[PDB]
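Novice: Encoded as structure tokens, here's the structure I'll be asking about.
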Amino acid sequence: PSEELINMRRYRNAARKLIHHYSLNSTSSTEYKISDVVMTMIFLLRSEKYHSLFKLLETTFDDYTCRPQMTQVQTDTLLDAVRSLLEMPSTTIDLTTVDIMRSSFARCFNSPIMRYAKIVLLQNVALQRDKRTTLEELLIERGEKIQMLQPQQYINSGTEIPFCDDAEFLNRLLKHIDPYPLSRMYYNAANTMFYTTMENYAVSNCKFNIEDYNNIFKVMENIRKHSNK
Amino acid sequence: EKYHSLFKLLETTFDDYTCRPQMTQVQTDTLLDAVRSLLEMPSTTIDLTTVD
């Protein structure tokens with residue numbers, strides 16, 4: 001009968017939803033209530049566990065994007081409890097994801113802004129450097145060591161091609177495949193690749209992710225032009 | 001010796017933009033006191049933000 005008498009299940013599901021969004025960047029959703037952010041925080045604070053994370057998360061409120069200090073052992077227990085409470089299958093959820101989320105929260109309250117916000121703050125400050133370099137230097141630096149590195153395998157590389165011909169089998173496959181609205185289902189996959197395109201770096205990250213990535217899709221219209229001579 | 005906790009706290013940030021830890025009531029108060037005690041110019045309101 002205390003105020004804690006709550007849909008803890010609802011609050012859990014919504015906390016997990018929020019984390020799943022902002023951290024894993026999982027998939028399209030409509031995660032557009034400031035309201036239940038509070039429900040999430042209180043769901044945290046109904047334990048000194050997870051409040052342990054909140055100890056760090058509080059530092060958002062001073063809003064300066066200072067690079068967080070590590071106390072190594074406790075940060076390790078932090079990572080532990082993080083993945084645990086997230087109940088994820090230990091998908092290598094690491095310090096980089098952690099600080100990404102930290103910066104997410106260090107971007108949220110930043111808004112005193114209640115009007116609808118079209119603001120995809122793709123950027124992150126905390127890239128362990130004073131300021132962003134170009135990519136060209138890395139095009140030097142990785143290429144060099146790559147040329148230093150030596151092949152991990154041989155290919156026999158003679159004439160080989162595989163094929164199969166069990167037409168009935170293949171049709172059985174087709175039928176099993178039939179239901180899926182792949183049309184829908186794969187756009188999110190493409191978005192996955194997109195996310196990965198910038199997740200690739202927390203390291204002087206590319207600014208011009210935008211318009212050449214868009215040009216890739218313009219290549220479809222280029223294909224239509226090639227069809228139309 | 002008097003000022004050493006303060007002193008080392010100032011020293012901390014030889015590396016850029018590290019998060020200086022939070023301090024207890026007592027710590028902050030002795031800090032402000034010692035600040036005034038070295039810079040005994042109470043003509044102005046010695047203040048936290050001065051530290052930042």
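The way I read the labels, and the way they are meant: chains A, B, ... in the order of the structure tokens, residue 1 as the first residue of every chain, and ligand 1 as the first ligand shown, with later ones counted on from there.
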Just want the 9 Å neighbourhood of stretch 5-13 of chain B, counted on only C-alpha atoms, with same-chain residues fewer than 4 positions away dropped. Output as a VMD selection string.

Specialist: chain B and resid 1 17 to 20 31 34 to 35

Novice: Could you write out that same residue set with C-alpha atoms as a compact mmCIF listing (two decimals), in the first residue's frame?

Specialist:
```
# COMPACT_ATOMS: atom_id res chain seq x y z
CA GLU B 1 51.08 20.87 5.14
CA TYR B 17 39.00 17.50 -18.09
CA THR B 18 38.98 14.59 -15.63
CA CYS B 19 36.00 14.57 -13.27
CA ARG B 20 37.10 15.91 -9.90
CA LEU B 31 38.31 23.75 1.71
CA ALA B 34 41.54 27.28 3.86
CA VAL B 35 40.95 29.17 0.62
```

Novice: What residues in chain A have any atom no more than 7 Å from chain B when counting only C-alpha atoms, and can you write them as a PyMOL selection string?

Specialist: chain A and resi 66-69

Novice: As a count of residues only, please: all residues of stretch 71-207 of chain A that backbone DSSP puts in helix (DSSP H, G or I).

Specialist: 71

Novice: List the spatial neighbours of residue A:81 as a PyMOL selection string - criterion: any atom at most 9 Å away, only C-alpha atoms, same-chain residues fewer than 6 positions off excluded.

Specialist: chain A and resi 49-50+53

Novice: What is the atom CA of residue A:195 to atom CA of residue A:25 distance in Å?

Specialist: 7.6 Å

Novice: What is the atom CA of residue A:82 to atom CA of residue A:117 distance in Å?

Specialist: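 Between atom CA of residue A:82 and atom CA of residue A:117 the gap is 28.8 Å.
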
Novice: Would you list the contacts of residue B:46 as a compact mmCIF listing (two decimals) with N, CA, C and O atoms, in the first residue's frame, taking every protein, DNA or RNA residue within 12 Å and counting only C-alpha atoms, but skipping same-chain residues closer than 3 positions in sequence?

Specialist:
```txt
# COMPACT_ATOMS: atom_id res chain seq x y z
N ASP B 29 33.81 22.42 3.37
CA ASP B 29 33.81 23.56 4.27
C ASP B 29 35.23 23.91 4.69
O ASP B 29 35.63 25.08 4.67
N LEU B 31 37.74 23.22 2.94
CA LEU B 31 38.31 23.75 1.71
C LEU B 31 38.08 25.25 1.60
O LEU B 31 39.02 26.02 1.40
N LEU B 32 36.82 25.66 1.70
CA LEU B 32 36.51 27.08 1.60
C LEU B 32 37.25 27.87 2.67
O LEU B 32 37.79 28.95 2.41
N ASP B 33 37.26 27.34 3.90
CA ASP B 33 37.98 28.00 4.98
C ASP B 33 39.44 28.22 4.61
O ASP B 33 39.95 29.34 4.72
N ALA B 34 40.13 27.16 4.20
CA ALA B 34 41.54 27.28 3.86
C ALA B 34 41.76 28.23 2.70
O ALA B 34 42.75 28.97 2.66
N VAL B 35 40.85 28.22 1.72
CA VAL B 35 40.95 29.17 0.62
C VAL B 35 40.95 30.58 1.16
O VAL B 35 41.83 31.39 0.84
N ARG B 36 39.97 30.91 2.00
CA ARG B 36 39.94 32.23 2.61
C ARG B 36 41.18 32.49 3.45
O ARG B 36 41.67 33.62 3.52
N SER B 37 41.71 31.44 4.08
CA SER B 37 42.78 31.63 5.04
C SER B 37 44.09 31.96 4.33
O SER B 37 44.90 32.74 4.84
N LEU B 38 44.33 31.34 3.18
CA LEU B 38 45.45 31.76 2.36
C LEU B 38 45.18 33.10 1.70
O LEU B 38 46.02 34.00 1.73
N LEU B 39 44.00 33.26 1.09
CA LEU B 39 43.64 34.50 0.42
C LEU B 39 42.68 35.30 1.30
O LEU B 39 41.51 35.49 0.99
N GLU B 40 43.22 35.77 2.41
CA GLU B 40 42.42 36.50 3.38
C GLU B 40 42.08 37.88 2.85
O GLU B 40 42.56 38.90 3.35
N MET B 41 41.23 37.91 1.83
CA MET B 41 40.68 39.13 1.26
C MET B 41 39.17 38.94 1.28
O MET B 41 38.53 38.81 0.23
N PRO B 42 38.56 38.93 2.47
CA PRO B 42 37.11 38.75 2.57
C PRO B 42 36.30 39.87 1.95
O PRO B 42 35.07 39.82 1.99
N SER B 43 36.95 40.89 1.39
CA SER B 43 36.24 41.95 0.68
C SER B 43 35.27 41.40 -0.36
O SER B 43 34.37 42.13 -0.78
N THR B 49 32.03 28.41 -7.32
CA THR B 49 32.21 28.54 -8.76
C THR B 49 33.58 29.10 -9.10
O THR B 49 34.11 28.84 -10.19
N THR B 50 34.15 29.90 -8.20
CA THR B 50 35.53 30.34 -8.37
C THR B 50 36.44 29.15 -8.59
O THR B 50 37.38 29.22 -9.39
N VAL B 51 36.18 28.05 -7.90
CA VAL B 51 36.99 26.85 -8.06
C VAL B 51 36.89 26.32 -9.48
O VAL B 51 37.89 25.91 -10.07
```

Novice: Tell me, as a PDB file with N, CA, C and O atoms, in the first residue's frame, which residues lie within 10 Å of residue A:104, counting only C-alpha atoms; anything in the same chain fewer than 4 positions away does not count.

Specialist:
```
ATOM      1  N   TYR A  22      18.377   3.135 -26.557  1.00  0.00           N
ATOM      2  CA  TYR A  22      19.452   4.116 -26.645  1.00  0.00           C
ATOM      3  C   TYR A  22      20.824   3.469 -26.721  1.00  0.00           C
ATOM      4  O   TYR A  22      21.748   4.053 -27.295  1.00  0.00           O
ATOM      5  N   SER A  23      20.982   2.274 -26.169  1.00  0.00           N
ATOM      6  CA  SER A  23      22.301   1.642 -26.112  1.00  0.00           C
ATOM      7  C   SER A  23      22.491   0.714 -27.304  1.00  0.00           C
ATOM      8  O   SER A  23      23.313   0.977 -28.186  1.00  0.00           O
ATOM      9  N   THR A  60      25.572  13.372 -14.874  1.00  0.00           N
ATOM     10  CA  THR A  60      24.938  14.090 -15.971  1.00  0.00           C
ATOM     11  C   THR A  60      24.426  15.448 -15.520  1.00  0.00           C
ATOM     12  O   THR A  60      24.477  16.425 -16.276  1.00  0.00           O
ATOM     13  N   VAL A  98      28.725   1.708 -22.457  1.00  0.00           N
ATOM     14  CA  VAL A  98      28.384   2.354 -21.196  1.00  0.00           C
ATOM     15  C   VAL A  98      28.529   3.863 -21.325  1.00  0.00           C
ATOM     16  O   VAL A  98      27.621   4.625 -20.976  1.00  0.00           O
ATOM     17  N   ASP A  99      29.679   4.317 -21.817  1.00  0.00           N
ATOM     18  CA  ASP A  99      29.897   5.751 -21.957  1.00  0.00           C
ATOM     19  C   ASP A  99      29.016   6.356 -23.039  1.00  0.00           C
ATOM     20  O   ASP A  99      28.631   7.524 -22.936  1.00  0.00           O
ATOM     21  N   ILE A 100      28.691   5.593 -24.081  1.00  0.00           N
ATOM     22  CA  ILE A 100      27.701   6.050 -25.051  1.00  0.00           C
ATOM     23  C   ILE A 100      26.402   6.405 -24.343  1.00  0.00           C
ATOM     24  O   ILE A 100      25.833   7.482 -24.545  1.00  0.00           O
ATOM     25  N   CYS A 108      20.355  14.388 -22.689  1.00  0.00           N
ATOM     26  CA  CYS A 108      18.916  14.512 -22.487  1.00  0.00           C
ATOM     27  C   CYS A 108      18.564  15.729 -21.631  1.00  0.00           C
ATOM     28  O   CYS A 108      17.973  16.687 -22.138  1.00  0.00           O
ATOM     29  N   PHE A 109      18.923  15.715 -20.342  1.00  0.00           N
ATOM     30  CA  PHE A 109      18.543  16.820 -19.460  1.00  0.00           C
ATOM     31  C   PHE A 109      19.015  18.161 -19.994  1.00  0.00           C
ATOM     32  O   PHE A 109      18.378  19.190 -19.743  1.00  0.00           O
ATOM     33  N   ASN A 110      20.134  18.166 -20.713  1.00  0.00           N
ATOM     34  CA  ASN A 110      20.597  19.315 -21.484  1.00  0.00           C
ATOM     35  C   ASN A 110      19.441  20.112 -22.065  1.00  0.00           C
ATOM     36  O   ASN A 110      19.467  21.345 -22.067  1.00  0.00           O
ATOM     37  N   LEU A 121      21.024  13.792 -32.055  1.00  0.00           N
ATOM     38  CA  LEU A 121      22.404  14.057 -31.671  1.00  0.00           C
ATOM     39  C   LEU A 121      23.266  12.830 -31.931  1.00  0.00           C
ATOM     40  O   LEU A 121      23.667  12.128 -30.996  1.00  0.00           O
ATOM     41  N   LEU A 122      23.550  12.565 -33.206  1.00  0.00           N
ATOM     42  CA  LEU A 122      24.443  11.468 -33.555  1.00  0.00           C
ATOM     43  C   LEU A 122      25.795  11.605 -32.867  1.00  0.00           C
ATOM     44  O   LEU A 122      26.438  10.597 -32.553  1.00  0.00           O
ATOM     45  N   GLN A 123      26.232  12.834 -32.617  1.00  0.00           N
ATOM     46  CA  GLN A 123      27.597  13.093 -32.185  1.00  0.00           C
ATOM     47  C   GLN A 123      27.825  12.602 -30.760  1.00  0.00           C
ATOM     48  O   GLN A 123      26.900  12.526 -29.947  1.00  0.00           O
ATOM     49  N   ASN A 124      29.080  12.263 -30.462  1.00  0.00           N
ATOM     50  CA  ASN A 124      29.533  12.041 -29.096  1.00  0.00           C
ATOM     51  C   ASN A 124      30.807  12.829 -28.841  1.00  0.00           C
ATOM     52  O   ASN A 124      31.665  12.946 -29.721  1.00  0.00           O
TER      53      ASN A 124
END
```
